[PDB]
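Remarks on the overall topology
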Amino acid sequence: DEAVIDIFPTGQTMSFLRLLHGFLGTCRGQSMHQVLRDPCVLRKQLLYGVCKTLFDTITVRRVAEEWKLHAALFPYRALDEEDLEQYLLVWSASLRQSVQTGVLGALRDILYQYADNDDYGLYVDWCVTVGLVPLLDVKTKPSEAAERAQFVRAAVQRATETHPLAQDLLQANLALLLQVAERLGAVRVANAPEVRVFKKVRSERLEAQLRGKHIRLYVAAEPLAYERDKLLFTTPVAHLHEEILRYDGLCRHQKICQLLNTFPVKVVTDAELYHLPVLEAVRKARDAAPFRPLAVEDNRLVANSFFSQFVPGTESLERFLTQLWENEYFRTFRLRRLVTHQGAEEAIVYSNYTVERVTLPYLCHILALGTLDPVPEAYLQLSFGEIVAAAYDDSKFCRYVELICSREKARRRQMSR
Amino acid sequence: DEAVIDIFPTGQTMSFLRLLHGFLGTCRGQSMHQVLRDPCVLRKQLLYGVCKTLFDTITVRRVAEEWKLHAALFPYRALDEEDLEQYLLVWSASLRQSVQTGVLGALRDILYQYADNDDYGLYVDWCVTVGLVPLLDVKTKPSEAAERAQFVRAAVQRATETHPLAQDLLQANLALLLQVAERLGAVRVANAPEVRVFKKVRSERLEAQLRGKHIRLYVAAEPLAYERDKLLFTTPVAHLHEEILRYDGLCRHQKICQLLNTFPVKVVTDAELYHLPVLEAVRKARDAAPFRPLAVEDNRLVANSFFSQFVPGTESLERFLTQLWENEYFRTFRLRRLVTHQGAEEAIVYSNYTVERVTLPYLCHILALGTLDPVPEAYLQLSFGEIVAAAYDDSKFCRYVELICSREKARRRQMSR
Amino acid sequence: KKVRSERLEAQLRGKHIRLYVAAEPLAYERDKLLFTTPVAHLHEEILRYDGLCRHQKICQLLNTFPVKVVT
C-alpha cells in the first residue's frame, strides 16, 4: 500500500461540480460558464474542419472536366453579349448549391447520427475545475467498424443520388471520413460513478482509475505540489472558490436571520394564506407563529438587555461576485461582447483565443487534429448549414470560378471579337 | 428486485414542472420560457422544410414546357419594345402566386388537420429541465395509413382544381409527404400520468417505463452521476432552482410577517369592506381582527421586552432573479432582442443557435430531418403564408425566371433587331 | 378528463358536446393537474395582490382613531 495523495472525490472538488452546475452557489455569473459549453459549437468546428479538408482537394481538374461534360452535353448558345455572363453566374450558383446541399446532407446525417456524445459539456468542466480530464477509451468488436462503414456508405449513397461531384469528393476522402467517425465514437468523458484520480507522491505521474481499472487521462494544467499535502490548483474555478463559499454562507446567514425575526415582539423570562380570506387568515397566522418566550434561571440578578435588528445585505457582494465572475471569464477566455449602438449584451460568444484554448486541445487528445483546423470566430455565429457556403468560399473552389470565368469570356470573346 | 436510482417523479423534478408553469414560482422572467414554446414556429419550420424540398426539384424543365404550352396556346404579340417585359413580369408573378396559393392551400390543409399534437410545448420542458424526453411511439392499425393517403389525395385534389404545376409538384413528392405526415402523427410527448424514468446503477442505460410498459426515450444530456446517489443535472432550470426556492420562501415569509403585524398595538401578559359605509365598516373592522394578548406563567420575574417591525424587501431579489432568469435564457439559447432606436424590448425571438439547439434535434428524433433543413432565423418572424414567397425565392425557381427572361429577350430581340 | 382514457370531453347539462383542445394540460399522479396556459402562469401572483389589497384596507380601517388605550 503506497501513500498516494488524492484529488478528485474530496469535498474540495466534489463541491466544485455541485456549485458549477448550481446545486449550492448561484449568481448571474453562472450563465457565463453555460455559454462555454454549447455542444453545437464543437460539431460546427468539426464540420468546418472536415469540409475545409474536403473541398480544397480537386478544385483544379474537375471544374474543367464536368464543365466540359455539361458543355458537350448542351452547347446551346444564342448570343455572346449579355447571356454568357448570366449562364456563367447561374452555372456557378447551381454547382455551388448542388455540392453544398450534397455534402451538407452527408455531414448532417453522419453527425446527427453519432456526434451527440455531448461530452464537450463535461470536458469544459474538467478543463475548468481541475485542469485535467478523465476519460475511458471505449472499444467494441471490430464488426462495428464495418457497421459504421456500412452507415457512411449509405450516407454516400444518399450523396450518389444527390450529385456526382459531391460523391466524387466523398469517394475521395471517405477513408479519413470514417477515421474521424470512429474517433468521434472512440471515447467518453468518464461520466461514471466511482471514478477517481490521484497523484502518486513517489513519482508524479498522476493517473486515474475507474473502479480498479486504470484509465488514461489528458492533463492540461497539473497543479502545484509542495509539502502542503493538499495542493492548490491553477484552474480558473479554484481562483474563486472561497468567495462563492462566502456568498452561500451569507445566503444561509440571511435566511436564518430572517427566520429568527418573524414575530413582532420579543420577551425574556403552501398557498393557504392567499385564497382564504382575512378573518380566518389572522386566525391561522396567529397559531402559525406561536409566541415563545425564553428563560434561564438566575439568583438575585436579572438582565439589562439590548436588542439588535439587522439583515445582511446581499446586493453588495452579489454585484461584486457577478462582476468578479464576469471579468474573470472574460480574462481567462477572451469571450467577445458584440453589441449594436447603445446595445446591452447582445451576445457573448467564442473568439480566437477561446477556440484555441478549449476546442483545439480537445481535438488534440481526440487526435482528429491531424486533419482539421480552427474555424474563425466570425464564422461561428453563423448557421449549421450556411457555414459551408462561406467555408468553401474561403477555399479556392469559388476562386477558381473567376479564373474559368475569365477563360470562358476569353474563349468566346475571341469568337465574337 | 434491482436497486435503481430514480429521477423523474421525486420532489426535485416534479416540482420543476410546477415552478416552470408557475404553480409555485413567479417572476418577470417566467415569460421567457413561454416565448420558447411557441408551437407555431415548429409548423413554420416544418412547412419551410417541405416547401424547400419541393420547390428545388423541377425548376429547370417544366418552366420551359409550360411556357411553351402557354405560348402555343396564346402567342399574341403587338410590339416587342415595351409590352414584352410587362407581359413577362406579370407572367412571372402569376406563375409564382399560382403555385404559391396551390401549395399554400395544400400545406395549410394537411397542417391544420393533423399537426396540432402541440407536443413541442412539452418537449421544450423536458429539454430544459431534465435534458431528456420520454415519449411513447403511438401506433395504430395499418388502415389509418390508407386514411392518411385518402386525406392527402383529397388535398392534392384541391391542388388539382387549383393549378397543374403545383399538382405536378405534389404528385412528384407525395411519397415523402406521406412519410412526414406519418412521422408527424407517429409519437406523443408522454403527457400521461404514472410515467417514470430511472437510471440503472449496474449499467448506465437509463430508460423510461409507462405504467410498467417499457418506452424508448431520447437523451440529450446525460446527467452527472457519482457516489452521491442523487444526481445533478446540467440543465438550465436546475442551475437556478435553489434561488427561486429562496424567492418563494421569501414570499411566504413576507406574507406571514405582513399577516402578523396587522393589529396596531401588541401587549404582553371578500369585497364587503368597500360597499359598506364607514360607520358599520369600522364596526366590522374591529371584530374582523380581534385584540389578542399573549401569556406564559412565570414566578417573581416578568419581561424586559423588545419590539421588531419589518417585512423583507422583495424587489431586490426580484430584480436579481429576473436579471438571472433573463441572462440565463439569453446565454443558453441566443434569443435575439430586435428593437428600434430607443425602443424597449420590441421582440424576443428565435435566432440561429436556438433552432439548431431545440428544433433540429426534435426533428432528428422524429426522424423527419433526412429531408428537411433549418429555416434561417430572419424568415421565422415572417408570416405563415408569406414565408413561402421568400422561400422558393431563395431557391432557383425565381432565379431561373431571370435566365428565361434573358432567353426570351434574346429570342425576340433577334426578331426585332 | 376521464382518468381511464384521457379523452377529455365536455357535457352541457348531461348532453355531451364536442370541444376543441388547443393545449391539453399536463396530468400526473397529482390528481389536480396543471395547465400550460398563460393566465395560470400568473394566478398566484395576482391572488397575492388581491390579498394585499384586502390587507391594506383592513389595516387602514383599524388605524382610524388617533389614540389607542388598553384596559
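Let us look at the structure shown here. (Residues numbered from 1 in each chain as written, not as in the entry; some residues may be left out. Chains lettered and ligands numbered in written order. Part of a larger assembly, values for the part shown. Heavy atoms only, no water. Residues with missing side-chain atoms left out of burial classes, pairs and counts.)

This next bit is on the interface of chain A and chain B. Listed per partner, the contact involves 87 residues of chain A and 84 residues of chain B. Taking both partners together, chain A and chain B bury about 7,800 Å²; carbon and sulfur atoms supply 57% of that area. Run the count over chain A and chain B and you get three salt bridges. Salt-bridge contacts for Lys409 of chain B lead to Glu82 of chain A; the nearest nitrogen and oxygen are separated by 2.4 Å. Where chain A meets chain B, there are 20 residue pairs in polar contact. In this sheet, strand β7 (residues 306-307) of chain B lies alongside strand β7 (residues 265-266) of chain A in antiparallel orientation, the contact comprising two bridges. Bridge pairing in β7 of chain B places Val265 of chain A opposite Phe307 of chain B. (Contact = heavy atoms within 4.5 Å. Buried area = accessible area lost by both parts, 1.4 Å probe. Salt bridge = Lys/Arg side-chain N within 4 Å of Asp/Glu carboxyl O. Polar contact = N/O pair within 3.5 Å; in protein donor to acceptor, adjacent residues only side chain to side chain. Pairing = 2+ DSSP bridges. Helix = DSSP H or I, 4+ residues; strand = E, 2+ residues; numbered from the N terminus.)

Within this structure, the stated rule accounts for 24 salt bridges over all chains. Measuring nitrogen to oxygen at the nearest pair gives 3.6 Å for the salt bridge that ties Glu65 of chain A to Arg62 of chain A. Taken together, the residues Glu65 of chain A and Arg62 of chain A, both in helix α4 (residues 62-73) and three residues apart, mark about one turn of the helix. In this structure, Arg202 of chain B engages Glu2 of chain B in a salt bridge whose closest nitrogen and oxygen atoms are separated by 3.0 Å. One end of the pair, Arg202 of chain B, is in the loop between β3 (195-200) and β4 (207-210); the other, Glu2 of chain B, is in the segment before β1 (4-6), with 200 residues separating them in the sequence. Residue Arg202 of chain B is classed as exposed on the basis of its relative accessible area of 58%. (Buried < 20%, exposed > 50% of the residue type's maximum accessible area, 1.4 Å probe, protein only.)

The next subject is the relation of the copies chain A and chain B. Least-squares fitting of chain A to chain B yields an RMSD of 0.2 Å, with the superposition described by an axial translation of 0.0 Å and a rotation of 30°. Each copy contacts the other with its own distinct surface, as only 16% of the interface residues of chain A are interface residues in chain B too. (Least-squares fit on C-alpha atoms.)

Residue and element names in this part refer to chain B. In space, the four strands of this open sheet follow the order β1-β3-β4-β5, with antiparallel pairing throughout. The open sheet has two edge strands with one neighbour each: β1 and β5 (213-215). Taken pair by pair, the neighbouring strands of this sheet meet at an average axis angle of 40°, ignoring direction. The pairing of β1 with β3 spans three bridges and is antiparallel. (Axes fitted to C-alpha atoms, helices over the stretch in contact; angles between N-to-C directions.)

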